[PDB]
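Report on one structure; see the data block that follows.
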Amino acid sequence: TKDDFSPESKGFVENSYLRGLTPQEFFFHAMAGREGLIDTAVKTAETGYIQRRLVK
Amino acid sequence: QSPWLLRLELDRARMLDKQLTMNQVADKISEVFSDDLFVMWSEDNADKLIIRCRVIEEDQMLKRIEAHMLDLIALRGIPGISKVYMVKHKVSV
Amino acid sequence: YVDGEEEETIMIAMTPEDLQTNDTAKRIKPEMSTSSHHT
Amino acid sequence: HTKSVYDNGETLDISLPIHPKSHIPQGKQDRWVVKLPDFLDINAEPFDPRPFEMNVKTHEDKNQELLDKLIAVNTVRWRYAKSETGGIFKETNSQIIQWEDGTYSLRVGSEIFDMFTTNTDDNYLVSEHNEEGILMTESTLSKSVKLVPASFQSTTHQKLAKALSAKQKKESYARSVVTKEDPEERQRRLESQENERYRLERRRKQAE
Amino acid sequence: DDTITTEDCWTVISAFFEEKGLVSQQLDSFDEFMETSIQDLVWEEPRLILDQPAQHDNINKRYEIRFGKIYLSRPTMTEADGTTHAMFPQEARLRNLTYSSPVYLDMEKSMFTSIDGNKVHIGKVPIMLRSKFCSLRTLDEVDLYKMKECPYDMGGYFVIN
Amino acid sequence: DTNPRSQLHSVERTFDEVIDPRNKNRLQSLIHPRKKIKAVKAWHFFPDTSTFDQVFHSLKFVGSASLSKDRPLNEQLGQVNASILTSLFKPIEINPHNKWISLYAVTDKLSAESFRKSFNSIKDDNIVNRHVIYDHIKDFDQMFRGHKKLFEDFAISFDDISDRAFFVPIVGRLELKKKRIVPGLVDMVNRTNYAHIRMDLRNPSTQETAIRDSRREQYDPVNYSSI
Amino acid sequence: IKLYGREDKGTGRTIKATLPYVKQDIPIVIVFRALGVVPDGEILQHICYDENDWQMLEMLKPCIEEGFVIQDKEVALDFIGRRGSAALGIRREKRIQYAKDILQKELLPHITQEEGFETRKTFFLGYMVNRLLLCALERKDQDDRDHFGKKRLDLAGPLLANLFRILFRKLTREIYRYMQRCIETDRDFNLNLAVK
Amino acid sequence: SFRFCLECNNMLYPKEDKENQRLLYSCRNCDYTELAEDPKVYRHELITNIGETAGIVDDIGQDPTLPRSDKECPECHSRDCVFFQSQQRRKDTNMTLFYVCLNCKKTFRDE
Amino acid sequence: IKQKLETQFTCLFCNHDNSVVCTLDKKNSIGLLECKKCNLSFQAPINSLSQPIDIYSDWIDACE
Amino acid sequence: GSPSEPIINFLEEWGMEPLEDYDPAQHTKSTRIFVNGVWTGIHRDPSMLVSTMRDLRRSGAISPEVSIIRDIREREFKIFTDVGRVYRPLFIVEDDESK
Ligand SMILES: [Zn+2]
Ligand SMILES: [Zn+2]
Ligand SMILES: [Zn+2]
């Protein structure tokens, strides 16, 4: 529903991997993993450029 | 002088929180504006804290003066220091 | 059928068991107690 | 103080011919403007059963025929009714029904269409006099009236829904064909003929 | 009534996949294109106009051509010796051909003058496999095997060269 | 029901099932399909014979041209006013580019009331020569939109004594907006319109009456065809 | 429809509207008058829908002050026509006709294309300015660019339609050029040779 | 609030008479001039609360995505209501709730 | 403050191109067009939103 | 993709009033009606209209891939027949209180 600030409504996963995630928790966890992948694949080029300038 | 009047209502709570006096604000306005503007201020005990002003087609001139006053009247403090926090530092002596 | 824009105005139950109101191995479902009733 | 622009005082002695009215509004010169829906038509002409029967048109397109049938059966009509006393009276198939809540409804046969009235200000009805080039006002149009079907189960609404649903189902513009030969054969044979006549024209021009 | 189990939901999903399949969007879009979009694009600018106020007795002549109907056919293959025959996707794959069909347009010419036309081939459009205009749409399971086509193949692609 | 005989039979069935408005019992028998509310009063739906010869247009004021909004104009013309109900409109067009409408009204309340009473009581063949003078008020810019179909819009007037409802066709819609006259064209403006217009009421000529009857013969030929 | 002026900077917060085939931005009042509604009150009637909201009226006040210089429809259209990126030296009447053309067509084409139908265009302009003011007065968040219900997918159909439109226009231009060349020779062309 | 001209519908700018010492609203496109009722020429709110409760509609009870509570209505004492937070979306906006009854449809707080 | 700008307009008396200079004074609300070859001067009032195209169009209207 | 002409016909049949007959002062509570992003009219009883449109779409009278959106907060009622909209199917729960 609208204006829900409970932990389950905003991305708290109360189950374990052994117990199994619910679909909402599954989607939120996928969002977080996508964030991780984007962050790595975006910061790599900046780090490489900084390393090259330092070496030169 | 001019019939146009300029009065501004200031929040009592934040004015007391900053620990400021109405006379101080009046002296700041008087210093920055010399005698070009006549200023009066309601006392502390007033229900609503107000401070009027009077100039000595000028509606737009008064609007520009009010905008300039709101923009760049510095009451106290170091310019550029937007906010200040108190911190505790653990030091070995 | 509903598209993404029409989804903002509807209320969706996750399972048909959700339409009607202590095991260590079964997953736990949200309470959804913020509202007294759900339509 | 905006001074009046016109002060010449020139006056035209124009006289307008006016005809008596068959009816006169009582208590208020108010009229209600009603938008005509697609499913409703107005037939001011008197109903003539034999030409009506002789002019029924049949089309292959089922949707167009169904729309024509619906608008024809729903058309507002009137006809002369021979009274039992030997006189002639005007008889119509359309009536206006007012419910207890004060709302009005237009009824044709068994079909009933509700009326939604919206108040309109500074809206009047005028009569045009083209031969003199002036407009003579008639009355005031206080309310604008829209006609809405009463319910889903009404036959008019079901026929309209069926016609509009099946109208957009038929969509086929491209027509299939069978190719028996190379499609580029015409181009190459006409290019060969054009090259031949170019050579002949060049030879003739050099020989002319 | 009775309650609806998860198996009923899977029955409904099976009905969905029995009706639509997995590549229905591609085939439906291509069928919409071939059926209406080509005709609408042709009718967007249906009139080319050329005028010539000839004075060489003033005769104002307008020359204009109209575009009419679009005609499509099943894909055909034209050999070097001049013969033609129906093409199938396996032959196009093996011989590096393009699976495409000719497009015909009706051009009507008129000669306007004031003193004061059949099917033309406009090109070949590649055909999406298993669509309404593909040869494999009709073939049943046995002739599909005889045509060396896999029955598990779903279509939704083109064969260029 | 594609049979023409079936369509004709449906037409006569609809014609025969008309409920008499005086029949209170049959009126109460009728029930709203959705509201489930009984009927109170009924009125017959008939066309108008005396007005089909004339041409009717729905005239509306757009925006600030509202008479209610213009308070000094409304006060001058009276706070329904007979002056508004008897106003005159005079379309004058110097050229295709420049066009406007001239509005005239009766400032006096007594003259306007007498003219309105005389106009609304025309049922005999005696009309008094009411030389009414109309005064110019204001000018507005105009635009016109035409109706593709004849009976696109129709205004309904009621008649309680006969339990009928007369409707008239609407040819087009006229919209008016306030026009500010350019100061450089007031010299030509003063030569276009007039400060006063006198209206004289006279009996219609026989030839014009015959022409109007011939026009009405399209609708009603039983009572108006020439012999 | 840009909203110039920063908070407490740049004096007035004017609203200028960018128009197609027009070299410089235009204040909203001038184009509103050009469409054919002069009075300022009716411009505010079109833009705002609740008179008690003094803040949006205050934000529209600089636009009214800037546009007060123009007071007639025809001068507004002429002002549109000067900046219309056309050939220099065009006459005033032709400039006004060019402004009428560039205003009827190419200005919100999805609404309508016919003459005398600009009331809906004025109402839509009021709607756009209302949305701009509602976002500017912190009453609503800015639109989510990444919202998926505001996106569309182009399948084989639309892509092939765009490609075929380009190629058919090229073929039509080739037919036109060949026809122009052939009319020099004055021959009854087969018309099966122009098409490539 | 600002008034408009009654004859040409333009804005009525305030004007001051030197000889008469009066505040008058005058249209600059004509000679019309109407006497002002109040001297409040201009008012600017640095911190404002308008639009917090102004975003209310009369059909908000038909929205199925809104949560439903059992708070007591101050007017008709109904047992069903629909609540939501502030429609203003600045960073300083409070998290207080506005409750709407399903009979009288008025907006009331819990404090 | 007078503003002098070189413009690519065409003089209607000498027919030479790129010899038109626009001089507008916003303080006195005036605009002067001078031909570098013909030495003719055209004066027209200007407003707060004036641009050299406005004075050029005014000159075109005055010429015809 | 679907044509928008039957949608406009249905809307005009069920009491929608065009823009030329619209006064914002008078209509302080009417709902703006958009069709494919084009503001085409207004209405004062949006509940009956959205119920009728949804029932017609569910019966097959309107194409199933047509979008029917009612924004109660902004007082808007939007309809989309555009091409390229991604959709998914869902079960329908009987929400009629009287049932
Ligand atoms: Zn004024
Ligand atoms: Zn209550
Ligand atoms: Zn020169």
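Protein chains in written order, with the entry's author numbering: chain A, 789 to 844; chain B, 1190 to 1245, 1258 to 1294; chain C, 689 to 709, 720 to 737; chain D, 75 to 282; chain E, 9 to 64, 69 to 128, 153 to 197; chain F, 156 to 234, 243 to 390; chain G, 247 to 442; chain H, 3 to 113; chain I, 15 to 78; chain J, 541 to 639. Idealized CB from N, CA, C, for every residue including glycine.
{"Asked": "Residue 433/G versus 19/E, 10/E, 75/E and 96/E, residue with shortest Cα-Cα distance", "Found": "75/E"}
{"Asked": "Any chain E beta carbon closer than 8 Å to residue 438/G", "Found": "yes"}
{"Asked": "Same chain only: Cβ atoms within 8 Å of residue 1259/B, ignoring 5 sequence neighbours per side", "Found": "1191 and 1193"}
{"Asked": "Residue 29/H CB to nearest heavy atom of ligand 1 below 7 Å", "Found": "yes"}
{"Asked": "DSSP beta-bridge partners of residue 169/D", "Found": "181/D and 199/F"}
{"Asked": "Whether residue 121/E touches residue 437/G by CB criterion (8 Å)", "Found": "yes"}
{"Asked": "Distance between residue 258/D and residue 439/G (C-alpha atoms, nearest Å)", "Found": "10 Å"}
{"Asked": "Option in 198/D, 203/D, 146/D and 180/D with minimal Cα separation from residue 126/D", "Found": "146/D"}
{"Asked": "Touching by the beta-carbon criterion (3+ pairs, under 8 Å), the stretch 209-220 of chain F and the stretch 190-205 of chain D", "Found": "yes"}
{"Asked": "Where the alpha helix (DSSP H) through residue 815/A begins and ends", "Found": "811-843"}
{"Asked": "8 Å Cβ cutoff met for residue 33/I and residue 51/I", "Found": "yes"}
{"Asked": "Three-pair Cβ contact test at 8 Å for the stretch 273-282 of chain F versus the stretch 224-243 of chain D", "Found": "no"}
{"Asked": "Among 324/G, 401/G and 397/G, nearest to residue 70/I - alpha-carbon criterion", "Found": "324/G"}
{"Asked": "Length of the line joining the Cα atoms of residue 345/G and residue 321/G", "Found": "11 Å"}
{"Asked": "Local conformation of residue 179/E per DSSP, three classes", "Found": "helix"}
{"Asked": "Reduced DSSP secondary structure (H/G/I, E/B, other) of residue 330/G", "Found": "coil"}
{"Asked": "Residue 192/F classed as buried or exposed, judged by whether at least 16 other C-beta atoms fall within 10 angstroms", "Found": "exposed"}
{"Asked": "Cα-Cα separation, residue 7/H to residue 1262/B", "Found": "25 Å"}
{"Asked": "Limits of the unbroken alpha helix (DSSP H) element including residue 117/D", "Found": "Counting along the chain, residue 117/D falls outside any alpha helix (DSSP H), though it belongs to the beta strand (DSSP E) covering 116-120."}
{"Asked": "Residue span of the beta strand (DSSP E) that contains residue 57/I, given as start and end", "Found": "55-59"}
{"Asked": "beta-carbon residue 77/H near ligand 2 non-hydrogen atom, thresh 7 Å", "Found": "yes"}
{"Asked": "Within chain G, partners of residue 121/E - CB distance below 8 Å", "Found": "437"}
{"Asked": "Residue-level contact to chain H via CB, residue 340/F, 8 Å cutoff", "Found": "no"}
{"Asked": "Any non-hydrogen atom of ligand 1 within 7 Å of residue 82/D CB", "Found": "no"}
{"Asked": "Between the CA atoms of residue 624/J and residue 810/A - distance to the nearest angstrom", "Found": "31 Å"}
{"Asked": "Where the alpha helix (DSSP H) through residue 181/F begins and ends", "Found": "179-184"}
{"Asked": "Own chain residues within Cβ distance below 6 Å of residue 241/D, not counting five before or after", "Found": "137"}
{"Asked": "For review: beta carbons within less than 7 Å of any heavy atom in ligand 3", "Found": "25/I, 27/I, 28/I, 30/I, 33/I, 49/I, 51/I, 52/I and 54/I"}
{"Asked": "Under the three-state DSSP convention, the category residue 321/F falls into", "Found": "strand"}
{"Asked": "Length of the line joining the Cα atoms of residue 284/G and residue 615/J", "Found": "28 Å"}
{"Asked": "Whole-Å CB distance - residue 622/J paired with residue 541/J, under 8 Å assumed", "Found": "7 Å"}
{"Asked": "Alpha carbon of residue 1285/B to alpha carbon of residue 1273/B, nearest angstrom", "Found": "20 Å"}
{"Asked": "Residue-chain proximity (residue 394/G, chain E), Cβ-Cβ < 8 Å", "Found": "no"}
{"Asked": "Proximity of residue 602/J and residue 694/C at Cβ, strictly below 8 Å", "Found": "no"}
{"Asked": "C-alpha gap between residue 575/J and residue 544/J, whole angstroms", "Found": "8 Å"}
{"Asked": "Beta-carbon separation (whole angstroms), residue 313/G vs residue 276/G, contact threshold 8 Å", "Found": "5 Å"}
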